[PDB]
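# Secondary and tertiary structure notes
Residue-level listing of the chains:
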Amino acid sequence: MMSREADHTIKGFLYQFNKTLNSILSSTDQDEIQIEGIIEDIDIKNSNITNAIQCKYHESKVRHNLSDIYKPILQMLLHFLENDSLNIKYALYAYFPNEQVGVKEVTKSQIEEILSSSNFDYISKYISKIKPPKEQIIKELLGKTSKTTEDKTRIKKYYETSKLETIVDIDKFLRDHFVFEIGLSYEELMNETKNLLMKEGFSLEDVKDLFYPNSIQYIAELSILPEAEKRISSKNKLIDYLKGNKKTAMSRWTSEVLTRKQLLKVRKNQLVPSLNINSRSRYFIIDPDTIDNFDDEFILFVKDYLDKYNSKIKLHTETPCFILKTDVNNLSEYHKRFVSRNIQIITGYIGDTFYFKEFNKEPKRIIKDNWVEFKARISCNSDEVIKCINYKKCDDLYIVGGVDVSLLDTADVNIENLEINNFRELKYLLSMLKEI
Amino acid sequence: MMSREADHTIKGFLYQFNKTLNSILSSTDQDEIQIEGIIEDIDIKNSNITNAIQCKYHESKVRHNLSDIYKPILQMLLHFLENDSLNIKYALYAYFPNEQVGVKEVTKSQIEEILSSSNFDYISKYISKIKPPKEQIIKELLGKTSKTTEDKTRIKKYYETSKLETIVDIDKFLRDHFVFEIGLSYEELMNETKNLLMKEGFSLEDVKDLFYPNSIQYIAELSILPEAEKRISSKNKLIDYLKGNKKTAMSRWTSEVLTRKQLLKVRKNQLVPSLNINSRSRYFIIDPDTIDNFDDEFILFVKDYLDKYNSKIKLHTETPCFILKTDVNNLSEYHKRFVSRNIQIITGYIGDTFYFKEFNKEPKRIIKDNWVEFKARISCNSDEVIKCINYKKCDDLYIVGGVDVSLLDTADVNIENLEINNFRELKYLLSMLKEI
Amino acid sequence: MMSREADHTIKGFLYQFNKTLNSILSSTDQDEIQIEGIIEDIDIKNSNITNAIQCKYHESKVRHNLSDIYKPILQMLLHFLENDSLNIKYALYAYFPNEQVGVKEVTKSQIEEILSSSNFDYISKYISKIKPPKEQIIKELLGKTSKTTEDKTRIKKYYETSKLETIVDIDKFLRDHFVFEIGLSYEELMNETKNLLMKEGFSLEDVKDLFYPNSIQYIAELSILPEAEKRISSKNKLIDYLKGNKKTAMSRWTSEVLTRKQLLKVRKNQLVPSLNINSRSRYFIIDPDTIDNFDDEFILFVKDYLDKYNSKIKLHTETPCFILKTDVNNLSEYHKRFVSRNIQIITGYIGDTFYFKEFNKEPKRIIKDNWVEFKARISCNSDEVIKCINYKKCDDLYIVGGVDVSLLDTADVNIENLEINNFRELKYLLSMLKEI
């Protein structure tokens, strides 16, 4: 059972995908997309927030029924009572197989009869906050983090016939804000999006992986900067980042973009070319937080990587690297472990001072002895590291989940991603572990 | 949607093929050939123009129909009212499978009936210029750069129920100018052209790859120089340029292997017996008009060509040299991507002026270290020196699109000039990357 | 005729040398040393400045005479009345052959008698500003930029018999400010300074090549940072910087007030170690704006620098490179004349983007052909250049005068700085040209 916040974020990214498709189809002056700070109380100190997508989906069988509205409504209602109480216009984009598409209207009753759901989870999670009861016993029970079946029954009894009065103006609370709309099945929509995007030449798979993902990333990052004036978008900019270069375009986060659907196919094996070639120096810019564990396990990965792509000495002449965003001091906390399987692999920081030389050294080799003087190297995703793009420069650029993108050269480097939580699947994706 | 100007140029080259075949079959004193300044507003200020080839072809199912004469007719009609009013008599040679062969006759009634096309696109594009309306609302709508369906219907009813009177002499406007003739299937006529060209010694592959480009470019460039007296042609000249040299003639020509599918048709292979050979200094000539992103997403072509034909130190012994058609000051900037993928090679124009022993020096070599000094060269097409790119041609000018026709000693460097789309479609010919 | 401002700078450097020697002799809690921003109107907006050295020395024959203090006196007098009117107290430490060592005393009568210089040069230069000319017949002529002998005589008569009353408080203008003391002949004092420095181990030539420049530059740069709290000096800091490392000392600056002019002495030939050794990659960080002849002439130096330290190709493995602070574009506008005289180099930038590591790759020498893949390389001082001190990191350095030092790793690299004004003397810093 995954947290509902993850599903909210997933469908928010899906709505972002819809916005990107709309912008691509228009290819002209399009609305200015601004991100919403609702995932956590970041407190960016901004007021021009309109999207605020916190939608949710559940199993659907036929048409729509009254059993298709759930807690998400209550949590967005509480978000309405934001600490800063600024523009918090929310939206709902629930999908139904065969139902009329439109808005649910902002009549008071249509949400009033929905409010009285009469569920203990709903009552004790969010409803209790919007309605401060006069029964201080209930308040103390809620604050004590302890309840019993009789207590739940009594609370439901009070909320059934002894309904309380809230402290928020109901007329302004369910009429002005909030917009309702019927969504679409994204399972049958990703194919349509890919077909629509494949209007120019481009390629077969890079359209899926090289232009749609970079458009997604650009749309997502268009409004992540602290400045509120960075959201300015015009026809000229939207055509510049539609056909300006848009052949490599430095597509940063590509693999599966962001959704996790079991394994990772098709786009996994496309990384072999330029990597099977034994004279290329593929890089790895990852972040351990998106990974699961970093205490000793990573070196194991390193081994199965290093033992492969700097072996067969006569052939392999280029030494890969590793950029992972643990720390600078923590990195050497593995540089000691590195000597465990006849491996040497360079910290890059070598301590606490990134030396840009050994992070792009081409060591020379021995044919007779089956040896290379360091199978690969390691580094961190630091601001003062711009070296994927300057020598044997990652003819394929590989990243995990997220990255400090700015300050890099970003020029003719076949950049792609693989979003992972473990290094076992990293082996499985780099084509050196059969499973997982 | 391919541009109609490109179709006009293709049909002009088809009629060039027709003239070439007629002249070759005659091999004696043949009609005069002169180019037409209709592709752009060049304003050559010459009057001896009769060809004015602006033909176009549309979909055909069986026989011919009145719907086979679209806007191009209107374009020729407007072009008849040239600013300098020179001899601009246009011609149409559209192919028709069945039915009679001959001219459409200059009857006034037929042309009047044809003129009643009544199409929104035609009305808003060229027809509006023919008839200056007394109403100024129509003119404002045309010049407003923003029209609506109601406006289009208003204009259509204005020009249909209240058809205007044009200011041009109708009698001279539908009878004297323009000629029509029934065309032939050019796709099936290429084989006949090659078979007829297979009458001299020549060879098997060279007919399909060597001599037909020679003939087409001879006929096209016979009358390109500014002087109007350089077009003179006699029986002696035609026999000399049919068998006199007609072997290399400093190849600045191809128009085939244009079938855009990975490995397009054939002519990728002709120049291979130069590339495989280890003492061939291949020299190119390129134009950014087709090839794209000469600072952003080119150089991948360079990377592959260079890692193939100057990598194996043992056999190969020569450096390729690129001529492109970008500015002479912006070339050291267009250079970025070279060092942006470790493909070390010189800039050619060296930033402002062209110092070029290094544009024709032998790439020194060492075998033991698998080291190639510089794998290629870029310079640009500017006249500064284009007579050092016709000398060491091993076989080919390997021209891409545009060219600097002059300052090029005219003999003895085999054949290649492929006007091709992008950097990636230059690879298949220069077959280093078997795919795209 | 050498500029007087240059002489003032030389005297300031000499008194910096004297302060450094005093600190070395003490090597304990010693007074604070602060630089004076009086060389130009930098307007640092600082008040705790007392040195304010603008001294000068002239010819001396025996003892001293009333004519031993020239215009510099009046220059200091004007500099006393600064626009901001801050602590600008001046000092004088000129040398005298035979004279009682002591101050000139602040008696008003002596300074008043000195004030009657009666020289047209001084009056037209500085004295005219001291006394506001109430008779504008002189101010207008001064602003006319045109004067004659009659005008000089008129000014002399005006200032001789028609003495004018100044607006500055004379009592405070000749008594409180300015300090005097009898100097010493530094020409013979250099030997004494070197002998005194020869107290610890050190070496013979290094006392005149390595450590003295260390001390001089350390004292000079102690108070160049914008922060005013960095000037604090104590016994612990003095001892730590006096005998902390002092093996290579990261000795940036190298020369002093000596025969350092046109041809350089002091570390002119001793740099050969690691420079003859065929396994070093000496770098160059310089600035051309101080230099004069840089449009194409610099390539000449490149030539003969690139025909020695990357010639004799059997042994020379590593490569040089140039960090010259010209510009990004000017380098392109200086790119031109590179492949002109049988030398190839890498731009380092390759356009409008500095490149990190192509600026460092290995041009693998050739045994049977006498060639290297770039006899050397160029780059400008891209603030995004921390690269001397990472790759093949310039085990010797040769800077000119002083250039942007921020961001440097300054680790493991024998950083050095030999000032020049053109490249002919730069050679002999690198020691190939027999003279100059």
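Residues numbered from 1 in each chain as written, not as in the entry; some residues may be left out. Chains lettered and ligands numbered in written order. Part of a larger assembly, values for the part shown. Heavy atoms only, no water.

With the PDB entry as reference, chain A is termed DUF4297 domain-containing protein, source organism Bacillus sp. HMF5848. What the PDB entry is called, per its title line, is "Apo DUF4297 12-mer".

### Observations concerning the relation of the copies chain C and chain B
Each copy of the sequence occupies a distinct position, and chain C is placed on chain B by a rotation of 179° and an axial shift of 1.6 Å, giving an RMSD of 1.8 Å. In the structure described here, the two chain copies are related by an operation that fits a two-fold rotation axis. The rotation axis passes nearest to the C-alpha of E373(C) in chain C, at a distance of 1.8 Å. A shared binding surface is used by both copies, with 78% of the interface residues of chain C retained as interface residues in chain B. (Least-squares fit on C-alpha atoms. Contact = heavy atoms within 4.5 Å.)

### What about the state of the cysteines?
Taken as a whole and judged by the stated rule, the model has two disulfides over all chains. Across a sulfur-sulfur distance of 2.0 Å, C388(A) and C394(A) are joined as a disulfide pair. A torsion of 130° about the S-S bond marks the disulfide between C388(A) and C394(A) as right-handed. Residue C321(C) stays outside any disulfide, its sulfur separated by 6.4 Å from that of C388(C), the closest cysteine. Note on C380(C): no disulfide assigned, nearest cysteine sulfur contributed by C321(C) at a separation of 13 Å. (Disulfide = S-S within 2.5 Å.)

### Some details on a negative patch on the surface
Residue and element names in this part refer to chain B. A contiguous patch of negative charge, built from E5, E40, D41, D43 and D84, is present on the exposed surface. Positionally, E5 belongs in helix α1 (residues 4–26). With relative accessibility at 55%, the residue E5 sits in the exposed group. (Patch = residues over 30% accessible without salt bridge, like charges linked within 9 Å, V, L, I, M, F, W, Y side chains within 5 Å. Areas by Shrake-Rupley, 256 points an atom, 1.4 Å probe, with all protein chains shown as cover. Salt bridge = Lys/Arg side-chain N within 4 Å of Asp/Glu carboxyl O. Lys, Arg positive; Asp, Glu negative; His and termini not counted. Charge placed at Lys NZ, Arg CZ, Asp CG, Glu CD. Helix = DSSP H or I, 4+ residues; strand = E, 2+ residues; numbered from the N terminus. Buried < 20%, exposed > 50% of the residue type's maximum accessible area, 1.4 Å probe, protein only.)

### Topic: the packing of aromatic side chains
Throughout the structure, instances matching the rule amount to 76 aromatic pairs over all chains. Taking 5.2 Å as the distance between ring centres and 85° as the angle between the ring planes, the aromatic pair formed by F284(B) and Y305(B) counts as edge-to-face. Taken together, the residues span a long stretch of sequence, with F284(B) in the loop between α11 (272–275) and β3 (285–286) and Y305(B) in helix α12 (residues 300–309) at a distance of 21 residues. Each member of the pair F284(B) and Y305(B) is classed as buried. Aromatic rings pair up to connect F284(C), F294(C), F298(C), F301(C), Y305(C), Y309(C), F322(C), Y334(C), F338(C), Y398(C) and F423(C) into one cluster. Over the face of the ring belonging to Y212(A) we find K194(A), whose NZ or CZ atom lies 3.9 Å from the ring centre. Looking at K393(C), its charged tip hangs above the ring of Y355(A), at a distance of 4.5 Å from the centre. (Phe/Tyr/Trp six-rings, centres within 6.5 Å; stacked < 30°, edge-to-face > 60°. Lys NZ or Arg CZ within 6 Å of the ring centre and 35° of its normal.)

### So, the packing of helix α2 (residues 72–80) of chain C against helix α4 (residues 120–130) of chain C
All names here are of chain C. For the pair α2 and α4, interaxial distance at closest approach is 9 Å and the crossing angle is 30°. The pairing of α2 with α4 is recorded here as roughly parallel in orientation. Between α2 and α4 lies a crossing whose hand is left-handed. When α2 is examined against α4, the residues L74, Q75 and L78 are found in contact with a partner set consisting of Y122, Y126, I127, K129 and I130. Residues of the contact of α2 with α4, tallied by class, amount to six nonpolar, one polar and one charged. (Axes fitted to C-alpha atoms, helices over the stretch in contact; angles between N-to-C directions. Parallel < 35°, antiparallel > 145°, perpendicular 65-115°, else oblique. Left-handed = near helix turned anticlockwise from the far one by under 90°. Nonpolar A, V, L, I, M, F, W, Y, C, P; charged D, E, K, R; others polar.)

### Quick word on the environment of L184(A)
All names here are of chain A. Tracing the sequence through the fold places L184 in the loop between β2 (179–180) and α8 (190–197). For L184, a relative accessible area of 43% gives the class partly exposed. Taking the C-alpha atoms as reference points, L184 and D352, separated by 168 residues in sequence, lie 51 Å from one another. Not counting the four nearest positions on each side in its chain, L184 is found in contact with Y93, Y95 and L189.

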